[PDB]
Amino acid sequence: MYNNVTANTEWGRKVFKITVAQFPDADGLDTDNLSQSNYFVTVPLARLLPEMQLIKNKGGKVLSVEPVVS
Amino acid sequence: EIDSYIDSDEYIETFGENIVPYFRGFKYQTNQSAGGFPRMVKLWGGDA
Amino acid sequence: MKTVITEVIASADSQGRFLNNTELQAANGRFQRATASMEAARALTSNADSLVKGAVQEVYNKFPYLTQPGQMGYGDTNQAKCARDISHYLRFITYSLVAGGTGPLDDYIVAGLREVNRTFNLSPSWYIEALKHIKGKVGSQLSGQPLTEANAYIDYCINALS
Amino acid sequence: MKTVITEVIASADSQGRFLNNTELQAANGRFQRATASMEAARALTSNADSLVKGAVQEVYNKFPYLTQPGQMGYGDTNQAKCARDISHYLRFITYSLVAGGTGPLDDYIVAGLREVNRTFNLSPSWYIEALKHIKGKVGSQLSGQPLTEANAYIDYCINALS
Amino acid sequence: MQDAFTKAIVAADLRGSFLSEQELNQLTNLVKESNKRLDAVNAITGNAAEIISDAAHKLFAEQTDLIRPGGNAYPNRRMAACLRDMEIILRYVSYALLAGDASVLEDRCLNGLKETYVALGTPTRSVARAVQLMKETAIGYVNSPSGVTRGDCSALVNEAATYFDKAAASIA
Amino acid sequence: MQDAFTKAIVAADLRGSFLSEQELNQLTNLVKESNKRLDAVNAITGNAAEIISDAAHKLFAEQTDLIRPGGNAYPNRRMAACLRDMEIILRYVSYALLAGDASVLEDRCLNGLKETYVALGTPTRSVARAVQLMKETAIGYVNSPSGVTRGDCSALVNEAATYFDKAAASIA
Amino acid sequence: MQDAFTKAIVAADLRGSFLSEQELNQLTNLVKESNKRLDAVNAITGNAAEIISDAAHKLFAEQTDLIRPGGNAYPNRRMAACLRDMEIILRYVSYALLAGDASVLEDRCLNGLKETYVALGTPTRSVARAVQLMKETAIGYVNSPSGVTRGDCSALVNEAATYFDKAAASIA
Amino acid sequence: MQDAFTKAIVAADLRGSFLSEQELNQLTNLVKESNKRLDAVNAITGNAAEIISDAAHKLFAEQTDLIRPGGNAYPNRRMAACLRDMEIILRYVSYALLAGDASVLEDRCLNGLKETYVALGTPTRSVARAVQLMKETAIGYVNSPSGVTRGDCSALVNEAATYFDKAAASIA
Amino acid sequence: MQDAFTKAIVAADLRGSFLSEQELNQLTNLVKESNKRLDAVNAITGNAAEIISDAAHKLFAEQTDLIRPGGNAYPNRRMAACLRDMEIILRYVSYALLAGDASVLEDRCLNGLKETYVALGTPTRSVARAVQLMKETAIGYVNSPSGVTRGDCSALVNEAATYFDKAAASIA
Amino acid sequence: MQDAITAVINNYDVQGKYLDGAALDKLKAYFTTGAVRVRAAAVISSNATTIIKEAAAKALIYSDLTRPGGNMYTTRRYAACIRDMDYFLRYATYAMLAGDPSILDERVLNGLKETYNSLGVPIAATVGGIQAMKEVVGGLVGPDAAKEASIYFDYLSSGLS
Amino acid sequence: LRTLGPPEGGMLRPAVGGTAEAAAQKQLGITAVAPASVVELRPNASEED
Ligand SMILES: CCC1=C(C)/C(=C/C2=NC(=C\c3[nH]c(/C=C4\NC(=O)[C@H](C)[C@H]4CC)c(C)c3CCC(=O)O)/C(CCC(=O)O)=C2C)NC1=O
Ligand SMILES: CCC1=C(C)/C(=C/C2=NC(=C\c3[nH]c(/C=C4\NC(=O)[C@H](C)[C@H]4CC)c(C)c3CCC(=O)O)/C(CCC(=O)O)=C2C)NC1=O
Ligand SMILES: CCC1=C(C)/C(=C/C2=NC(=C\c3[nH]c(/C=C4\NC(=O)[C@H](C)[C@H]4CC)c(C)c3CCC(=O)O)/C(CCC(=O)O)=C2C)NC1=O
Ligand SMILES: CCC1=C(C)/C(=C/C2=NC(=C\c3[nH]c(/C=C4\NC(=O)[C@H](C)[C@H]4CC)c(C)c3CCC(=O)O)/C(CCC(=O)O)=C2C)NC1=O
Ligand SMILES: CCC1=C(C)/C(=C/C2=NC(=C\c3[nH]c(/C=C4\NC(=O)[C@H](C)[C@H]4CC)c(C)c3CCC(=O)O)/C(CCC(=O)O)=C2C)NC1=O
Ligand SMILES: CCC1=C(C)/C(=C/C2=NC(=C\c3[nH]c(/C=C4\NC(=O)[C@H](C)[C@H]4CC)c(C)c3CCC(=O)O)/C(CCC(=O)O)=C2C)NC1=O
Ligand SMILES: CCC1=C(C)/C(=C/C2=NC(=C\c3[nH]c(/C=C4\NC(=O)[C@H](C)[C@H]4CC)c(C)c3CCC(=O)O)/C(CCC(=O)O)=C2C)NC1=O
Ligand SMILES: CCC1=C(C)/C(=C/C2=NC(=C\c3[nH]c(/C=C4\NC(=O)[C@H](C)[C@H]4CC)c(C)c3CCC(=O)O)/C(CCC(=O)O)=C2C)NC1=O
Ligand SMILES: CCC1=C(C)/C(=C/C2=NC(=C\c3[nH]c(/C=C4\NC(=O)[C@H](C)[C@H]4CC)c(C)c3CCC(=O)O)/C(CCC(=O)O)=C2C)NC1=O
Ligand SMILES: CCC1=C(C)/C(=C/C2=NC(=C\c3[nH]c(/C=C4\NC(=O)[C@H](C)[C@H]4CC)c(C)c3CCC(=O)O)/C(CCC(=O)O)=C2C)NC1=O
Ligand SMILES: CCC1=C(C)/C(=C/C2=NC(=C\c3[nH]c(/C=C4\NC(=O)[C@H](C)[C@H]4CC)c(C)c3CCC(=O)O)/C(CCC(=O)O)=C2C)NC1=O
Ligand SMILES: CCC1=C(C)/C(=C/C2=NC(=C\c3[nH]c(/C=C4\NC(=O)[C@H](C)[C@H]4CC)c(C)c3CCC(=O)O)/C(CCC(=O)O)=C2C)NC1=O
């Protein structure tokens with residue numbers, strides 16, 4: 001499941017699921033420990049726009065959004 | 001307030017999603033002020 | 001939605017912990033307090049109609065110019081949407097009374113208030129004055145701990161708007 | 001599963017690095033040591049039956065009261081589950097001997113030990129005393145570096161339980 | 001998160017209405033029975049460890065395969081995980097019982113749980129059973145406690161049961 | 001991120017070629033019209049709040065269900081989210097307009113957006129409409145501003161429209 | 001993570017048994033050949049750069065499309081990524097070779113890899129080939145090194161090959 | 001961060017005043033000389049590597065103790081740190097030169113720097129010298145570049161020098 | 001981190017020299033005694049819990065004030081804090097003993113420790129004593145173990161003592 | 001201060017013990033080295049200036065230290081530095097005669113690390129000046145005394161670092 | 001004249017005041033921390049990881 005206990009407001013109670021695929025940006029070779037670029041985050045509704053903003057900000061591609069709590 | 005540090009660009013660039021946060025204040029990092037090192041020495045306080 | 005019950009449960013959960021005597025004592029407060037709260041709720045509920053018309057008018061009496069043409073207290077639609085809005089506030093006050101906390105107010109009126117009011121050119125002053133008036137009249141519908149409860153929540157809205 | 005081989009590989013991988021002379025020297029230790037380890041393993045393996053019955057009994061001889069009615073060393077099922085448990089320990093000791101590290105002990109007995117023992121009212125003292133006894137008898141089945149190996153792992157379990 | 005009042009409020013709001021005299025008195029009754037409710041939640045908290053332990057002893061008495069090699073409550077690591085899950089579920093059931101609403105249980109515990117266990121290879125039917133045993137013992141305690149005033153707690157015992165039964169159904 | 005030049009460059013590179021005299025002059029023309037472009041972007045920035053506000057007033061004038069309980073722009077919390085989204089989309093449309101390319105709009109804003117709204121229960125057709133209203137007013141401003149030199153901005157007004165129309169199409 | 005001993009142990013445990021005299025001697029033999037194994041791992045480490053370089057030169061000799069614009073090893077950024085992946089795979093093959101088990105290779109490197117490349121548009125058949133070339137050269141080195149004692153390393157050369165062949169199969 | 005205009009503004013504000021006709025024309029002159037300024041910053045950027053390299057060669061020519069064991073530019077790790085610091089300082093000097101104000105240099109680079117070096121055992125007098133050599137060569141380049149229009153850049157060469165001299169003074 | 005070899009290397013390098021035949025044979029001797037060293041480190045590891053426990057029992061036997069209210073090993077958390085610090089120090093002493101150098105002990109454990117305790121109000125003299133007791137028992141075990149080959153371990157017992165004595169001195 | 005002999009006397013005095021047998025072994029050793037420590041001490045004394053004119057040459061001068069910006073630049077500071085060197089040599093000779101380092105703590109090391117930090121005096125460079133004098137000393141005094149002289153130079157140098 | 005050395009002291013005399021790399025870290029005691037090792041959860045990790 002998700003992260004679990006959220007904020008106490010009703011607008012923090014709704015958690016959603018995002019499957020992404022982050023792309024290599026530009027400008028630089030990553031020689032550190034790399035991970036396979038798929039993954040998924042579960043994010044509560046109160047947070048969501050920073051998270052999707054930084055996901056699409058780093059050349060990412062949001063593949064799916066899912067209603068898992070609500 | 002806690003989410004502001006973890007959703008910042010400095011966390012997402014360096015630590016990503018699987019790397020435990022580690023000490024970076026003792027080497028040089030890009031876009032640093034040179035007071036950042038002796039402040040980190042004051043913050044450090046020994047290994048024990 | 002913030003109530004005494006949800007708050008103590010949230011605090012237990014976040015420490016991975018069963019509810020203990022600290023948390024159950026807290027809950028007893030909320031349950032002991034329900035009688036006064038719910039008396040305030042019933043009085044505010046049945047007087048709603050007039051409390052709303054009283055406060056709506058008082059917004060125009062305190063800001064006379066609002067009711068002139070070209071202004072935002074003119075025409076059926078503005079004056080209609082006003083009554084509605086004060087009615088929303090009284091509604092959530094009764095909900096907060098019944099619920100045992102500010103949750104309903106926090107989630108449905110406070111979260112986002114200023115952004116909305118700022119985009120729509122709605123001055124908080126009106127709403128404070130609506131609420132100050134509602135507070136004046138609720139002085140003689142209730143007394144004792146039901147009045148204190150009614151007051152607690154009316155004042156909570158006024159601080160949210162300042 | 002922690003072995004000398006997995007440890008050096010883990011350390012290389014985590015620095016994104018081929019195995020170098022440091023890591024291969026380490027591996028040679030584990031391979032050079034296999035003979036003593038595996039002699040201990042074979043001796044503990046064939047004596048298992050009696051090592052287990054010896055230690056089981058010693059738990060009752062050191063804690064006489066356990067074998068009285070209403071107690072946890074009474075009846076076929078308790079005494080059966082005891083033999084089994086010591087047998088589990090000896091089994092993982094032989095595995096740790098053969099594997100070249102504590103991994104099998106860490107993953108299958110140490111991780112979770114106290115929580116389980118605490119929920120089921122199992123005193124570590126019994127298990128320490130089972131192991132102290134097994135350590136006494138293994139003094140005359142082995143000697144030299146096979147004994148040192150057997151000891152290393154028996155003692156490792158005793159420290160896990162203290 | 002919802003409690004029984006908050007639930008009322010959400011349904012009222014969806015009508016655009018102040019709470020119905022119907023709903024008001026349903027909630028007045030919840031306040032009426034709240035001392036009993038506190039004793040019922042207290043019954044579980046005060047015996048949490050034994051409730052889990054006793055459920056456990058009995059689960060493995062019945063299903064001796066779980067504690068064999070190959071079994072999902074073997075070795076110590078897995079048994080500790082299983083004991084931990086028993087506690088987690090008993091915990092959210094007690095929260096629901098203080099709240100008068102199942103939502104915290106469904107939202108923070110039951111949502112996704114079955115699919116987790118299937119991914120893990122954890123036998124859901126065994127987990128359902130462990131929950132049924134916790135229910136038996138928990139209610140036992142709700143019904144027969146230390147110097148509580150004598151009265152009828154069957155309404156609350158039912159409601160507690162439905163929380164145990166929700167969890168079981170959701171998982172099996 | 002792409003702009004109109006960067007786009008040219010990527011297509012040239014995929015041929016393994018220096019930019020065609022064709023492509024060169026297309027870009028020389030973009031530089032030719034760039035003062036007008038700056039005024040057009042400035043028209044939107046300088047009236048962003050009113051563009052959102054006026055679009056909003058009109059959206060809820062038409063769709064009075066959104067501001068009833070049960071509606072997706074009720075209570076204050078949801079209205080603020082809706083007002084915020086109107087701003088976000090107007091913002092990425094202005095970025096595309098400075099850039100001469102839709103990519104920042106498609107990649108940072110429109111990609112996944114429809115599926116977000118459906119997950120949320122946000123009525124996409126209403127969101128599409130709010131975007132159509134922003135377009136009307138935004139272009140209004142692009143066409144009738146403070147003491148800008150008189151000339152023809154229809155090419156730029158079209159291009160701005162297609163960015164508004166991309167967003168609408170992508171969302172509905 | 002598993003090595004060849006750890007693998008034995010896991011299978012024994014699933015029987016509830018001390019290791020079979022069968023399994024014991026299989027492992028005694030691994031210890032018997034371990035000096036050769038260390039030389040074999042050392043052969044790869046000591047020539048890692050050349051193994052990657054030589055594989056590379058030859059991959060692009062064969063597939064001159066990869067280094068044209070439009071090709072997946074063009075421009076410098078992509079070539080560096082491709083060179084990096086060649087190193088990563090050679091690295092996990094050497095780890096498997098020290099371990100006597102493929103698991104670290106399958107779990108940390110091969111798991112999901114094909115689907116990554118397809119998502120990226122990276123031609124898996126070309127990647128498979130680059131792995132086949134690394135194999136040829138790596139084994140070359142395992143078989144003909146600096147003043148190692150003369151003997152038979154064919155068993156180890158086979159085993160190394162299967163790790164290269166696992167990777168190739170998994171990716172193509 | 002300040003630039004030369006921002007500095008004017010801060011001083012004006014501390015009087016509670018609109019900028020003095022005095023200050024206005026001082027800033028009009030900065031705009032007057034700004035093409036020259038851009039060439040001056042460009043002179044440094046375009047030769048950064050050589051400026052550092054040449055400063056370096058000469059620093060160790062003079063101070064052969066730094067490259068002996070016991071010396072602060074030995075072994076490779078320390079030399080790379082020293083080369084890196086030379087670049088960092090040249091970088092903030094170029095920023096100050098674009099800005100027409102030393103503040104970015106003083107605030108982001110020079111503040112605390114001396115005490116860092118003393119803590120590290122880095123000989124500050126040698127670092128000061130490396131900065132003096134960068135100055136000589138950097139100004140060399142500012143004064144004798146590729147097909148820049150002929151004129152007088154001495155005002156800018158002075159100002160660049162004071163930034164180099166600030167750094168030197170601050171560190172020694 | 002240093003070990004006894006690494007220490008040699010650092011001193012050699014500061015001369016700019018290959019290791020002296022002096023230093024070479026000092027290190028050949030360390031390799032000569034290394035089986036004994038492994039037994040000595042093993043003696044501590046194999047009895048860590050008892051070494052801490054026995055030191056502890058005796059510390060509080062002597063200093064019954066620490067376990068009274070007002071005392072620094074009261075209530076249960078403080079005692080738990082005191083019991084690992086005992087473990088932490090015994091741990092770094094064993095590391096130093098494997099290494100043949102005190103540096104890991106001084107750098108990771110002893111550096112700042114005294115000032116920590118003074119800030120906390122932890123009586124350093126009592127902590128020093130707890131370290132002296134660990135030393136007595138630890139060495140006891142180094143000297144009288146399970147079926148180790150008979151010989152002379154006094155050199156190693158001394159060296160272990162100096163690590164215990166370093167810690168004590170550093171803390172008191 | 002204390003020497004070998006008073007180290008033992010004070011260790012027993014605090015316990016109020018008469019000297020016992022193992023203690024007496026320790027005093028026997030000190031009287032056995034008493035001849036060599038004295039002959040050796042003399043040699044150092046008259047050759048002192050020669051000795052000091054070799055440690056500086058191999059560890060301090062011909063360097064940035066003696067150049068402008070360096071801490072032993074100026075005749076003033078060069079004089080202060082070799083003055084210090086003479087202290088170290090002289091006190092190490094006391095410590096070695098006494099067979100006890102306590103004098104090096106009481107009269108040389110106490111506060112010296114911070115004194116050097118406060119003036120800017122380079123610590124690492126001073127240690128090399130100590131370990132170079134040791135090197136010279138160990139040649140001059142011979143097999144008999146080399147190890148015993150050496151330790152108090154090593155005491156001095158780990159006292160600063 | 002300024003870059004004058006000993007009697008030729010050739011090229012492998014140590015520098016006066018030797019330092020020995022990772023001693024500024026040892027002086028401040030930041031040895032285990034500068035640089036800190038990177039710890040990361042690999043996919044499908046075991047219990048000890
Ligand atoms: C680098 C390895 C390392 C060491 C050595 C270490 C020491 C250390 N000991 C601490 C506390 C402590 N240490 C003790 C120890 C004692 N109390 C007594 O009375 C005895 C004399 C003594 C046991 C022999 C106690 C009681 C505290 C808790 C003090 C308090 O919170 O009041 C703390 C404060 C943080 C905490 O409480 O966890 C540190 C950092 N921390 C480390 O990370
Ligand atoms: C759930 C809680 C909730 C609140 C509190 C709420 C307030 C609120 N008031 C609004 C409008 C309004 N509010 C008023 C208010 C007034 N006009 C007057 O005559 C008086 C001066 C004053 C009453 C004191 C007016 C005139 C409008 C119309 C604004 C417009 O669209 O131009 C709107 C814009 C949507 C709409 O036009 O209905 C919101 C969201 N909405 C909510 O969902
Ligand atoms: C893979 C490694 C592993 C270990 C070590 C292990 C220990 C272990 N011992 C258990 C029970 C037990 N353990 C004992 C132990 C004893 N009884 C006696 O007569 C003696 C006093 C003592 C032996 C020294 C007893 C009596 C039980 C039954 C407890 C109960 O269910 O009431 C259980 C509970 C499940 C069950 O009932 O089997 C576990 C998990 N399980 C594992 O999977
Ligand atoms: C610290 C948090 C807290 C608790 C726990 C609490 C309990 C509490 N339980 C009460 C009554 C009671 N509690 C019960 C409970 C039971 N009767 C049975 O026979 C069953 C075994 C059990 C079912 C749950 C009953 C029957 C009464 C008397 C009737 C009533 O007051 O509702 C009362 C009223 C006084 C009394 O009659 O004793 C209190 C204050 N009050 C609190 O503030
Ligand atoms: C990349 C830039 C970006 C966009 C575009 C974005 C959209 C977006 N809109 C959201 C919610 C929302 N969006 C709206 C919008 C509307 N409601 C209506 O009825 C109207 C039709 C419409 C306004 C015109 C509402 C009401 C919500 C809240 C839904 C809820 O929580 O119930 C959310 C969920 C997170 C949150 O509530 O903050 C996202 C991610 N987020 C981003 O980061
Ligand atoms: C600070 C950033 C910045 C801006 C905003 C900018 C604007 C700018 N707009 C210009 C012209 C103009 N701008 C427009 C714009 C319009 N004409 C109309 O009738 C429409 C209402 C509107 C459509 C967008 C026209 C027609 C011209 C004259 C033709 C041209 O220069 O292209 C010019 C040329 C000088 C002039 O003729 O006034 C400048 C410098 N320059 C800048 O550096
Ligand atoms: C777990 C160890 C591990 C592996 C194996 C791994 C593979 C891997 N290869 C990648 C990219 C890549 N891999 C290649 C490889 C090739 N291109 C070709 O044409 C050849 C056929 C082939 C070289 C033989 C290229 C060109 C990219 C960049 C694709 C792009 O961004 O367009 C990426 C995307 C992230 C990035 O670019 O850094 C991953 C995750 N990552 C890992 O962490
Ligand atoms: C630092 C880590 C480490 C390494 C690398 C190591 C190597 C090592 N390889 C050995 C033997 C050997 N190594 C090989 C290897 C080969 N023979 C061939 O003809 C092939 C070209 C090559 C195949 C891999 C052979 C044949 C022997 C002799 C037989 C044996 O000892 O098994 C031996 C036994 C002594 C000897 O005969 O030389 C050692 C110690 N020991 C170590 O501790
Ligand atoms: C704000 C911008 C900024 C500056 C200016 C900066 C300086 C700086 N220089 C450092 C080290 C260093 N700096 C040097 C520089 C020199 N060595 C010499 O002998 C020469 C005299 C000189 C080169 C001209 C050396 C050798 C070190 C490494 C010291 C050591 O670790 O021993 C360090 C310690 C961290 C590290 O080593 O990365 C900092 C913070 N850091 C910053 O973030
Ligand atoms: C891409 C950013 C950018 C740069 C770099 C830039 C440079 C630039 N430098 C210029 C002039 C010049 N630049 C210099 C510079 C110099 N004269 C000398 O003899 C010195 C060697 C050197 C001292 C720095 C001089 C003297 C002029 C002519 C006078 C003036 O226009 O101020 C001019 C005016 C046109 C011309 O006369 O060529 C431009 C546009 N413009 C830009 O937009
Ligand atoms: C798993 C890691 C590991 C360990 C622990 C190890 C121990 C080890 N200790 C040994 C010897 C020994 N160990 C000792 C130790 C002692 N003698 C005493 O009387 C004291 C009580 C004790 C002091 C520490 C002595 C005296 C010898 C025989 C002499 C020697 O080999 O140096 C030997 C040589 C074979 C033998 O003579 O038994 C080994 C292999 N080897 C290893 O690979
Ligand atoms: C600015 C203050 C200042 C002065 C003056 C100074 C002098 C000075 N003279 C030196 C050597 C020397 N100086 C001389 C000078 C002379 N030989 C003669 O016979 C003549 C009488 C005399 C020339 C007129 C000689 C021959 C040496 C080499 C001595 C040696 O290497 O042993 C040295 C050691 C070499 C070095 O590391 O630089 C210093 C520091 N240092 C200072 O900081």
# chains A, B, ... in the order shown; residues from 1 in each chain; ligands from 1

call {"tool": "residues_near_ligand", "arguments": {"ligand": "ligand 12", "cutoff": "9 Å", "atoms": "only C-alpha atoms and all ligand atoms", "output": "ChimeraX atom specification"}}
result
/J:53,57,60-68,70,72-78 /K:2-7

call {"tool": "residues_around", "arguments": {"residues": "region 151-156 of chain G", "least_positions_apart": "5", "cutoff": "12 Å", "atoms": "only C-alpha atoms", "output": "list in words"}}
result
residues 29, 30, 33, 34, 35, 36, 37, 38, 39, 40, 41, 43, 94, 96, 97, 98, 99, 100, 101, 139, 140, 141, 142, 143, 144, 145, 161, 162 and 163 of chain G

call {"tool": "write_last_selection", "arguments": {"atoms": "C-alpha atoms", "output": "compact mmCIF listing (two decimals), in the first residue's frame"}}
result
# COMPACT_ATOMS: atom_id res chain seq x y z
CA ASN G 29 34.91 -28.91 -5.10
CA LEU G 30 34.14 -25.20 -5.46
CA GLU G 33 38.85 -24.76 -7.76
CA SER G 34 38.79 -21.37 -6.03
CA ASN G 35 42.31 -20.24 -6.88
CA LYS G 36 41.45 -20.69 -10.54
CA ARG G 37 38.23 -18.75 -9.91
CA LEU G 38 40.14 -15.85 -8.39
CA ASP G 39 42.42 -15.78 -11.46
CA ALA G 40 39.37 -15.78 -13.71
CA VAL G 41 37.74 -12.86 -11.91
CA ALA G 43 41.47 -11.68 -15.63
CA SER G 94 32.42 -10.55 -12.80
CA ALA G 96 28.53 -13.56 -10.52
CA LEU G 97 31.83 -15.20 -11.41
CA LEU G 98 33.29 -14.56 -7.94
CA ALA G 99 30.06 -15.78 -6.38
CA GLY G 100 29.49 -18.96 -8.38
CA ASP G 101 25.85 -17.87 -8.83
CA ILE G 139 37.08 -15.32 -22.06
CA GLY G 140 40.06 -14.66 -24.29
CA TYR G 141 41.65 -13.04 -21.24
CA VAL G 142 40.52 -15.74 -18.82
CA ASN G 143 42.31 -18.28 -21.06
CA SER G 144 45.60 -16.48 -21.88
CA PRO G 145 47.01 -14.39 -18.89
CA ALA G 161 29.95 -17.76 -20.72
CA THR G 162 26.58 -18.69 -19.26
CA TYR G 163 26.59 -15.41 -17.36

call {"tool": "residues_near_ligand", "arguments": {"ligand": "ligand 1", "cutoff": "8 Å", "atoms": "only C-alpha atoms and all ligand atoms", "output": "number ranges by chain"}}
result
B: 46-48; I: 56, 59, 66, 71-74, 77-86, 88-89, 108-110, 113, 116-117, 120-131

call {"tool": "residues_around", "arguments": {"residues": "region 20-37 of chain K", "least_positions_apart": "2", "cutoff": "8 Å", "atoms": "only C-alpha atoms", "output": "PyMOL selection string"}}
result
(chain B and resi 22-24+26-27+46-47) or (chain H and resi 69-70+75+119-121) or (chain I and resi 1+10-11+13-14+107-108+111) or (chain J and resi 161) or (chain K and resi 18+39)

call {"tool": "interface_residues", "arguments": {"of": "chain D", "to": "chain A", "cutoff": "12 Å", "atoms": "only C-alpha atoms", "output": "list in words"}}
result
residues 12, 13, 14, 15, 16 and 17 of chain D

call {"tool": "write_last_selection", "arguments": {"atoms": "N, CA and C atoms", "output": "compact mmCIF listing (two decimals), in the first residue's frame"}}
result
# COMPACT_ATOMS: atom_id res chain seq x y z
N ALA D 12 31.74 -3.49 -3.43
CA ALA D 12 32.13 -3.11 -4.79
C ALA D 12 30.97 -2.46 -5.52
N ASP D 13 29.83 -3.15 -5.52
CA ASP D 13 28.64 -2.70 -6.22
C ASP D 13 28.22 -1.31 -5.77
N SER D 14 28.32 -1.07 -4.48
CA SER D 14 27.82 0.15 -3.93
C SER D 14 28.72 1.30 -4.25
N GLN D 15 29.94 1.03 -4.72
CA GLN D 15 30.83 2.08 -5.23
C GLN D 15 30.98 2.03 -6.74
N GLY D 16 30.19 1.17 -7.38
CA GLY D 16 30.11 1.09 -8.84
C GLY D 16 31.40 0.61 -9.45
N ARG D 17 31.97 -0.43 -8.88
CA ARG D 17 33.38 -0.73 -9.01
C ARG D 17 33.62 -2.22 -9.22

call {"tool": "closest_atom_pairs", "arguments": {"of": "chain B", "to": "chain H", "cutoff": "8 Å", "atoms": "only C-alpha atoms", "output": "CSV"}}
result
residue,atom,partner,partner_atom,distance
B:32,CA,H:108,CA,6.9
B:33,CA,H:108,CA,4.3
B:34,CA,H:109,CA,5.3
B:35,CA,H:112,CA,5.0
B:37,CA,H:116,CA,7.2
B:38,CA,H:116,CA,6.5

call {"tool": "atom_distance", "arguments": {"atom1": "CA of residue 66 (chain A)", "atom2": "atom 23 (C, counted along the ligand's line) of ligand 5"}}
result
19.9 Å

call {"tool": "atom_distance", "arguments": {"atom1": "CA of residue 77 (chain C)", "atom2": "atom 23 (C, counted along the ligand's line) of ligand 2"}}
result
10.7 Å

call {"tool": "interface_residues", "arguments": {"of": "chain C", "to": "chain E", "cutoff": "8 Å", "atoms": "only C-alpha atoms", "output": "JSON, numbers by chain"}}
result
{"C": [1, 5, 6, 9, 16, 17, 18, 19, 20, 24, 28, 31, 34, 45, 91, 94, 95, 98, 99]}
